[PDB]
Each structure stands twice: as C-alpha cells, then as structure tokens.
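In: Can you look at this? It's an experimental structure, sequence on top.
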Amino acid sequence: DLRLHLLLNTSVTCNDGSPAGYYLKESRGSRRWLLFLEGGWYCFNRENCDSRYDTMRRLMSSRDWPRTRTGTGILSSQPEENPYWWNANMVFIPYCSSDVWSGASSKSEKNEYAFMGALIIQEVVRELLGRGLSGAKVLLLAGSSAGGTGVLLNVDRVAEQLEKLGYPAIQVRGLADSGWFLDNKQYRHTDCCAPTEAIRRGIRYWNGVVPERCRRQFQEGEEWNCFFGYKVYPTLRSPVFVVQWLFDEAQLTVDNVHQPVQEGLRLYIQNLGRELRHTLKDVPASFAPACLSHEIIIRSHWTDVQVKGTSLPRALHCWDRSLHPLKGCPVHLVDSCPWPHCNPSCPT
Ligand SMILES: O=C(O)c1cc2c(s1)-c1ccccc1CC2
Ligand SMILES: *[C@@H]1O[C@H](CO)[C@@H](O)[C@H](O)[C@H]1NC(C)=O
C-alpha cells in the first residue's frame, strides 16, 4: 500500500481549493524513485468544469480521497507483477487539476477553480527531497493518458528544478504512456471535440505552461502545439521512453470512430496506424503495439503484451542498460502490422 500525504504548502491546491497530495511507499534499500502522474481527460470552461465537479469530484478535490492506495503494475512491489522496478520508492500523484498537468493559476475572486498541475508536480518533488529523494540516483517521472502528456510537459522542468536546488547528480527521465496524440481530421465531424480546439481553449482558461524551447518555437498564441507529442518530444533534453497503442481508444474517441467495417472507415483506421508509426520512427526508446486499447503501465497484467517477442518490462530494463546497441535487448519496438489485434498478445 501507498500512504497519503497532503501537501504542507496548502497554497498548492486541487481545483476546488482543497490541498493536493501524493501517495508514498518508501524502499529503504533503493536509490530509484518512481513518480507516477494519474490521467483522466480535462475540462476547459466553467460549464464543463461544473459538470465534472458533479460526477468526477475525486478528479477535482482531495476531500474524499482514501488514506491508502494499492500499487499495481509498475507501482507494484512484487517481482512477479513488476519485473522492472519492484524495489523502487513508489509515488502516485493524484490528478486533481483538470489541466493536463499544465496549469499555474490560483483560485481567486476572478477564478472559480484553481488550475495548478505544473506547481503540484514541483511541490511534490520539493517535499519528497526531505523524505529520501535527496539520496536518489534516478528519478523516473511516469504517467498514463493525460498524465503521459503531463510527463512530456513537465520532465525538463523537474530536471531544471533539481539542478537549481543543488542536486545535479539525480538523473531525471520520463515514461509517457498513452499520451502521444495526433491533431488529425475526424472521421465524421462533430461539434465541440476535436483535440486541437479543446486544448486551445484550455490553455487560456488554465493559464497553462509548456516547455521553454517548444514555447520559443511556436510562440505566442500557438503554445497548444506543445501538447502534441510528436511536436514537443524533439525539443526535450531529458531521456523519455514513449509507450503508445497504435489504435488508442481515446484517439479514436476524439476522431468520432465507434458490424462489418466499410471501406472508408477501414482506410481511415489504417492511415491512422501508419501516421502514428511514422511519428515514432526517430524516437529511439518506444513501445507501440498494434492494439485497440488505452493505458498499460499501472495495469496488473502489463507484463503480458509483447512486440517482436519482447515485453514492456524487458524493453524498459534494456532502456536502463542503454543509459549506463545491445545484443538481444531492444529498446525501439514498434509494430508494423496494420490492423487492431494483428498482434496476438493484445489485451482481450
Ligand atoms: O484520456 C485522457 O486522459 C486524455 C485523452 C486525450 C488527451 S488526454 C489529450 C492530450 C493532449 C492533446 C490531445 C488530447 C486528446 C485526447
Ligand atoms: C507555496 O507554493 C507557492 C506556489 O508554488 C509558492 O509561491 C510558495 O513559495 C510556496 N511556499 C512555501 C513556504 O514553500
């Protein structure tokens, strides 16, 4: 079990002004630290955030959080479930900011909600240094769905934060799971939502922040571009491993894809997997199976899926070795077959 701590700096809050926090299980014999960002979509105006507050309140508020959480998948402490990092210090950071982890905005007389995801990450890192993170050799910032996009937006800032605090020795890395999306045309048009327009409104609503080099490329008004993995990844300096289903359920949802499939839709889906494969061609550490699914790394059976005969925990161990061209220890694993479940190890 991972145990809840609410932030001692209570100015760093969830959407409704309640304190943010983190769940922690320490490992006294290890110098590896895993900080996992939870996902769960987002909201981009008052009406849509009010609706989220009615029926998704744990993603907006710490008031009803439980005192413990069980670690699963890469957060499990059992070697059988987590061959990769079972002996690490484990941190689960709940997503209570609805801002894809990008916001730096307080609740006030002009703001009904606080959007503080970027500051929550920085504050967790700060309070953990006093609980052992100061002795770390690797800090892996991981996340799924909106949390995976959050890794891409925040990993370089965590690294800069530790260098300026006097800890250049800690190596910061990222693991981004199911957060690599395409700003493509929808299969059938709808009213807002297309990924592009939703992010454009959210950034303004949240006062969202993006990594500095990506901001300097796209410039004022065009920062939404840095929320799209294939645009922000080349600007990053920290090592980042990318996990992405070729046919992500959330990608299909925003594309309005839901009997025998007709030619138009077949071609749309095949072109979608081809485009995803193309954006990964120059990402050296990546794992991308040809499956219709969503998230993987905190699933209890994450050990089951394979690409070219190598599982995800093995690929991540090979990545570790590469950061010390390996024989039989690959790190770039992208399926080439063109339809969902052409890979027999896909989740059922
Ligand atoms: O299921 C979740 O948590 C998320 C789903 C999506 C996210 S996050 C997103 C993050 C950046 C850019 C475009 C998108 C649209 C799809
Ligand atoms: C609390 O967090 C806010 C927002 O990041 C920051 O400005 C302030 O310095 C913090 N206070 C302390 C005592 O750490």
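Out: Happy to help now that I have it. Numbers count the residues shown, from 1 in each chain. Ligands and ions are numbered 1, 2, ... in the order given.

In: now for this structure, which residue lies nearest the mean position of the chain?
Out: Centroid check for the chain by C-alpha atoms, centre = their mean gives residue 148 as the closest residue, at 1.2 Å.

In: For the stretch 1-150 of the chain, list the residues in contact with ligand 1, please.
Out: 39-41, 100, 145-146, 149 (C-beta under 6 Å from any ligand atom). In this view, the C-beta of every residue, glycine as well, is placed from N, C-alpha and C.

In: again, 8 Å this time
Out: Within the stretch 1-150 of the chain, the positions near ligand 1 by C-beta under 8 Å from any ligand atom are 39-42, 100, 144-149.

In: what's the longest helix in this structure?
Out: With secondary structure taken from DSSP state H, the chain has its longest helix at helix 146-164.

In: and it, anywhere near ligand 2?
Out: No - Helix 146-164 lies out of reach of ligand 2 by C-beta under 8 Å from any ligand atom, never closer than 11.2 Å.

In: for that helix, packing partners?
Out: strand 32-37, helix 117-129, strand 138-144, strand 171-177, helix 229-232, strand 240-243 (3 or more C-beta pairs under 8 Å, 6 or more residues apart in numbering; DSSP states H and E).

In: taking these together, which one is wrapped up most tightly?
Out: Most buried of these by mean neighbour count (mean count of other C-beta atoms under 10 Å) is strand 138-144; its value is a mean of 27.

In: that older thread, quick one: residues contacting the residue nearest to the centre of the chain.
Out: Applying C-beta atoms under 8 Å, 6 or more residues apart in numbering to residue 148 gives the contacts 37, 39, 176-180, 243.

In: mind redoing it with 10 Å?
Out: Applying C-beta atoms under 10 Å, 6 or more residues apart in numbering to residue 148 gives the contacts 37, 39, 100-101, 142, 174-181, 229, 242-244, 295, 297.

In: who in the chain is up against ligand 2?
Out: The chain comes close to ligand 2 at residues 9, 11-12, 116, 119, 122-123, 126, as judged by C-beta under 8 Å from any ligand atom.

In: Does residue 50 lie in a helix or a strand, and which?
Out: Using DSSP states H and E, residue 50 falls within helix 46-55.

In: which other helices and strands contact that helix?
Out: On a contact count with 3 or more C-beta pairs under 10 Å, 6 or more residues apart in numbering; DSSP states H and E, helix 46-55 meets helix 195-206.

In: The helix it packs on near ligand 1 at all?
Out: Yes - Helix 195-206 lies within reach of ligand 1 by C-beta under 8 Å from any ligand atom, at 195, 198-199.

In: any idea how far ligand 2 is from residue 331?
Out: Using C-beta to the nearest ligand atom, to the nearest Å, residue 331 is found at 36 Å from ligand 2.

In: is it true that that residue touches residue 307?
Out: No - counting by C-beta atoms under 10 Å, residue 331 does not reach residue 307; the two are 11.2 Å apart.

In: Need the overlap of contacts for these two.
Out: Contact criterion C-beta under 10 Å, 6+ apart; residues shared by residue 331 and residue 307: 286-287, 315.

In: between those, which is closest to ligand 2?
Out: Closest approach to ligand 2 among the shared contacts of residue 331 and residue 307 (C-beta to the nearest ligand atom): residue 286, at 33.0 Å.
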